[PDB]
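Residue-level structure breakdown
Below are the chains, spelled out letter by letter.
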Amino acid sequence: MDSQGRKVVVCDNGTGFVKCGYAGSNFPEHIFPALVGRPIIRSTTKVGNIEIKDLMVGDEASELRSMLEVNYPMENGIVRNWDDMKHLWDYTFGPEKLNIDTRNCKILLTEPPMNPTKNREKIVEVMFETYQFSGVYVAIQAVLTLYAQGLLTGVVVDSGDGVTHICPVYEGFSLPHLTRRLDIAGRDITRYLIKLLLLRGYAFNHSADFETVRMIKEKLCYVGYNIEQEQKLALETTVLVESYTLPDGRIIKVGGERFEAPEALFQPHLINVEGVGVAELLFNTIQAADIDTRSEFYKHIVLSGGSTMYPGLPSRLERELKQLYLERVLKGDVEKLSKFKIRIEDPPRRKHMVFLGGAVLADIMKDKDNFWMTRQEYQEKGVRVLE
Amino acid sequence: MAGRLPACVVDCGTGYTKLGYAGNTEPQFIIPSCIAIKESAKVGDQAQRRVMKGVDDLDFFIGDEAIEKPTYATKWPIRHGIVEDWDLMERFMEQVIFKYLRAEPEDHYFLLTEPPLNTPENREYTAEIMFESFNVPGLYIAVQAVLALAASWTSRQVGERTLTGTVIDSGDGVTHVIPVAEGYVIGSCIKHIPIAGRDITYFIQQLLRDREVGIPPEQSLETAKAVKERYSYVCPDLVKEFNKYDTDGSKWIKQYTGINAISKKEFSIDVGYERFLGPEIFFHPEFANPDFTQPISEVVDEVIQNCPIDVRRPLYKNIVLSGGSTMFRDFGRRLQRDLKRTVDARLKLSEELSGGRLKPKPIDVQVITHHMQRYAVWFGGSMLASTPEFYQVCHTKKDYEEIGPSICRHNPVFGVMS
Amino acid sequence: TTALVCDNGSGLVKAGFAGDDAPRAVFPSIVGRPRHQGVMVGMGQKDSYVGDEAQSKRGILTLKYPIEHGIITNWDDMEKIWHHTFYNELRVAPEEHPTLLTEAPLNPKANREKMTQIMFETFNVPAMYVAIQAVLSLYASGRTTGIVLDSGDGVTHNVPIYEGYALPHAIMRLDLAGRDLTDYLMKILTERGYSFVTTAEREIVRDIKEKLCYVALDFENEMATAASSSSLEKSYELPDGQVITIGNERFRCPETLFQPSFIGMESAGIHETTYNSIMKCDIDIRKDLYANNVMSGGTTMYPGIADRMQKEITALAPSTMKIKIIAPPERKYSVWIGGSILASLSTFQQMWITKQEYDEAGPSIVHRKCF
Amino acid sequence: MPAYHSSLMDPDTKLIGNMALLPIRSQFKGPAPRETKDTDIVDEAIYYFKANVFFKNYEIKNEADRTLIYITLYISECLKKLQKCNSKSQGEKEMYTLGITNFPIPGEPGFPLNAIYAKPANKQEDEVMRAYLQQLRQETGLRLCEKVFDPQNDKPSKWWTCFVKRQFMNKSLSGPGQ
């Protein structure tokens, strides 16, 4: 922009992956699983003779499993260590993930709503004991979706493995005393799902194995759409079941759980820990939403991330949300169910917008110390780092 | 409540079966689940196929005495990768019922037992059998722990008055744990513990190589148990404990005597260290399961961490036990004391916040303590099935008609459930 | 036969009988059902649960509360409380009873019909009379003149009166009360650190809010203090022993009433809205009404608010008016007790709608008989 | 489940390559200084090997645990000739041998332990190491032989001498027959 394409960076601090690069890179120009680990024990046998490395981060940690003590010191995809993060940061600065230095430079990142920020502040003070940028930017995680297109209304919605979010929005204001999120995604769903598999005799040790569901969950998994007709079909036909080679070799045999594990989203009482699930929460959300907003929201609500590049569930949701409406609220009027125009709201760009959602601000903001928060405003003991 | 005759229990164990009779107060029987058939494979002479005509061509015997039968392979319709001989289990049980028990299953009622991890087909094909072969008036196949529920109200003094607490269960092919609150539970928080007494007793067959001799290598395992159970225990440190046996007389260094059954004449043989050395697998499920080792204490913690907060006072107030493998002497006391110290240690992390405030709100603490844990489970199981409440909600033959014959190809669960 | 005395409002049940001078018993209007399967049916606990016995056993159960205008009602299994409340807690079915009843203004028209269709066609009560609950506080306190600004747990009002003539254009209905606080109140303090809470713990955020919290006296400078200070900490102990260091919190939400604008709201402050309401109230006795206020109603024991109100009333008060604002003991109970004063009056018994009148007007009597 | 988990990793731990340099009671010669007669890292190996050897994987923490590999498996390497020492007298020979017979080494492939240990990137990493082992090896021979036995005044001890091929992870340093 007003200076080089280097020396400013954008990064998704995501829970499945970190996705990162110089600000306005084509993609998040490096992507890696959010993984770390440093050596322990796996083999029980005389093999390997490796020499080459000890500790690992992310894309180089992948092969190793228990050859590393792997960790994610976490609750809600929000960390509870300071230091392995550092060794990751220290790694990332190489062509490793970035090829950068930081004092000379500036960066764009994100913050949880109700981040207990005293810990961000301590980290930031360490960043400004270390990486020490000439300027910085941070904003509430969901807000950065509305940026490639300059958007203002709806609910702002996210998921993946670690967490889910549900931000009610109008004229760009999220409605804060009114706001929602859900504190999980595919992680503990994989705990529940793998509990099903023990019962099949797939009693396999999790410690080496849980993240196998991840392979297929990432490479291969889906949702249907017909889904109540699909329940009817599934036991009556039986032959609609599936299987796959665990790539050590083993074909293991797998029913609807492939995308019936999603039913715990809409009926958390699946896991006996009760729930009407997110689709009832959504009804409640739009019951709280006012006349105009709820009516606009028939085609005016917003979605994010690779976790939204998802077949059939959108179709099943509107199939579903014609209902509770008609049922509870129209209480039997019907004549407008399509006349409530309905057009879909999750496009191919939801792939790259994990970082490209952020990047379209830097495209108008790198020259703006109107925007840049600073190392100076930390050094001040200033009440926050920001203009 | 009856057909012509009332309910009774069989607990259909994957080592020994157990049962008793209407009016008694114990399992009258706890018995080998075993049966002997010649499988010496010289399939020859005078050939014939495709004709189920009157036979001269069967050679078979069932029960504990089938263990003596030569060339007859004494198989076990216990469940152990062998499962398929649920085919034979019918004919076997037809012997048991009509010929050992010498009884009538169309006149009595019944309660029978299954594991948690059961698949449908092996039971449900036997349901036509239950109501067309055995043609029972009514029965149900309950998960095995359902019988133990009755013992927890056979114990019935003041405070026996809710379904919140925790059973710990242990056995020979299986061990179990379960987060019951008023009957409800959570999948991955119930625990299905595969580590069990088979897995110990062959390890003990290797301990023979420490000290002692003179046995048929399958009377070897017999003798190993016939020692084990009366004499084995736990020590606080190995390296103290060596020296008692090294030194301090027969209170440590006992001796045992028996028979070399190679031709039924004596052996007199050592005891010692092998007593305290045997049991330690509770603290060490790596012995069976070095692939997923986790000890008693950590496995308890791995449940409680789910079981949220407001329940943990009740957990304090209401831990509970199950099976002969949980009547044991001071291993549990040793464990309990240390597992108590472990929750105390895990709790005092909280001194971070309010500092040295250091005090518990008065909770409560008690657990089950009796030999009666062995004998009650048929008696209470038969009483359970005999409650008038049982007979309509257990599957009557028409409950079965409206569960099997009317259903699988005609809305199995209407699909999956829809 | 004879008639009976209670509080039946959206918060606590406060059941008693005529001729007492307190409720016999005070307990929550909870009911509901095992959403978690009570698998071993009959396992020392119920198939459905009420009040204390539900609360003693709560986690198995989905448990219910009833009202908001055009956003909550449940009407039927209010029965589920009632009949036990009666044939056990009154130890009688009101099917037997000449009967005291109460309500609030501007319900849906049909509200009165569901009530009465129940009272007679369900509960078969012989004879009964509905009234405004504040009347019983006025039976106790005896005032001519004042505005009853109040909140329960589950409803809010202002009630201007003058010499008889409770003002029919100026007495108010609003859904908000001691209820709605706890929701906002939960949202923050995983900031303090407590990452561990839901509806079933919103429970204790119902609780400490009322046990030890006071309405801030000048919250600006209490927060100018808190922004630099830590002296406030009358703290709380989590269920078996973790002291959550706490006690500056013990008044921090209480500006949200003077500032519904905190919750972004189109509403002016409590006081502002009441000053606006005084414009709907009489033009004349705006002189009198300062010198004209004394406590009754369940919330009226609450700390830090009464001076704050007298002070804010003062901060908006005219000259020539004396700011009388007074808190007598048991103010919390004077509705139940006033109902037992009302029970002295044979004319209030002459006020009964008989089941006969719900036959002989047809149903149609109710919008043209009870108070 | 933990071992008698090693208290003898110390701040004092300098290294030769990957692994500890410390003042420790090894009764023979190599570049480690010494200590009192003690139930040290080699009893955390030995006295509690009646805890350790039955494990088949473990929570290591450091360099001294990478070292304790030898300090604990070399126990079962002794048992492979103690059985022929059915009287101690033959072991009273081998109490020459152990500090003589030094083990295979990093920078050699086929030797697998470059998975943990550091190659002689300089030759000094071998030079210091080589002497470093001799001490340990005859220290083990001594301590074992003198703790356990007198020719046939005491006796062999199969009730734990059987752990000879029943090792931790059932793995070995070297010596498969005897």
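Scoring rules and cut-offs
- Residues numbered from 1 in each chain as written, not as in the entry; some residues may be left out.
- Chains lettered and ligands numbered in written order.
- Part of a larger assembly, values for the part shown.
- Heavy atoms only, no water.
- Residues with missing side-chain atoms left out of burial classes, pairs and counts.
- Helix = DSSP H or I, 4+ residues; strand = E, 2+ residues; numbered from the N terminus.
- Rg over C-alpha atoms; globule rule 2.2 N^0.38 Å.
- Contact = heavy atoms within 4.5 Å.
- Pairing = 2+ DSSP bridges.
- Nonpolar A, V, L, I, M, F, W, Y, C, P; charged D, E, K, R; others polar.
- Domains from an automatic or database assignment.
- Axes fitted to C-alpha atoms, helices over the stretch in contact; angles between N-to-C directions.

1. Details of the overall build of chain C
Within chain C, the secondary structure is distributed over 12 helices and 15 strands. In terms of overall size, chain C behaves like a compact globule, its C-alpha atoms giving a radius of gyration of 22 Å where 371 residues would be expected to give roughly 21 Å. Seen through its C-alpha atoms, chain C measures out along the principal axes to roughly 70 × 65 × 35 Å. Contacts in chain C between residues at least 24 apart in sequence constitute 51% of all its contacts with a sequence separation of at least 6.

2. Notes on the sheet that holds strand 4 (residues 36–39) of chain A
All names here are of chain A. Spatially, 3 strands are ordered 5-4-6 in an open sheet, and the strand pairing comes out antiparallel. Every interior strand has two partners, whereas the edge strands, strand 5 (56–57) and strand 6 (68–70), have only one. Two elements, strand 4 and strand 6, share 3 bridges in a ladder whose sense is antiparallel. In the sheet register, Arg38 faces strand 6, and the bridge partner there is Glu69.

3. What to know about the interface of chain B and chain C
Listed as interface residues are 10 residues of chain B and, on the opposing side, 9 residues of chain C. Residues of the side of chain B that touches chain C, tallied by class, amount to 3 nonpolar, 3 polar and 4 charged.

4. Points about the domain arrangement of chain C
Residue and element names in this part refer to chain C. Taken as a whole, chain C is organised into domain 1 (1–27 + 69–134 + 334–367), domain 2 (28–68), domain 3 (135–181 + 271–333) and domain 4 (182–270). When residues of the side of domain 3 that touches domain 4 are traced back to their parent elements, those giving at least two are helix 5 (178–186) and helix 8 (270–280). A total of 4 residues in the side of domain 3 that touches domain 4 trace back to one element, the largest contributor, which is helix 8. Looking at the side of domain 3 that touches domain 4 residue by residue, the class counts come to 3 nonpolar, 4 polar and 3 charged.

5. Describing the sheet that holds strand 5 (residues 60–62) of chain B
All names here are of chain B. One open sheet holds the 3 strands; their spatial order is 5-4-6, and the pairing between them is antiparallel. The sheet is open, and its two edges are formed by strand 5 and strand 6 (72–75), each paired on a single side. Across this sheet, the average inter-strand angle for adjacent strands is 20°, counted without regard to direction. Note: strand 4 (residues 35–38) against strand 6, 4 bridges, orientation antiparallel. Following the sheet pairing, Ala36 is matched in strand 6 by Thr74.

6. What about the arrangement of the chains?
Ranking the 4 pairs of chains in contact by number of contacts places chains B and C first. Between chain A and chain C there is no contact, and the shortest C-alpha to C-alpha separation is 5 Å. Without any contact between them, chain C and chain D keep their closest C-alpha atoms 30 Å apart.

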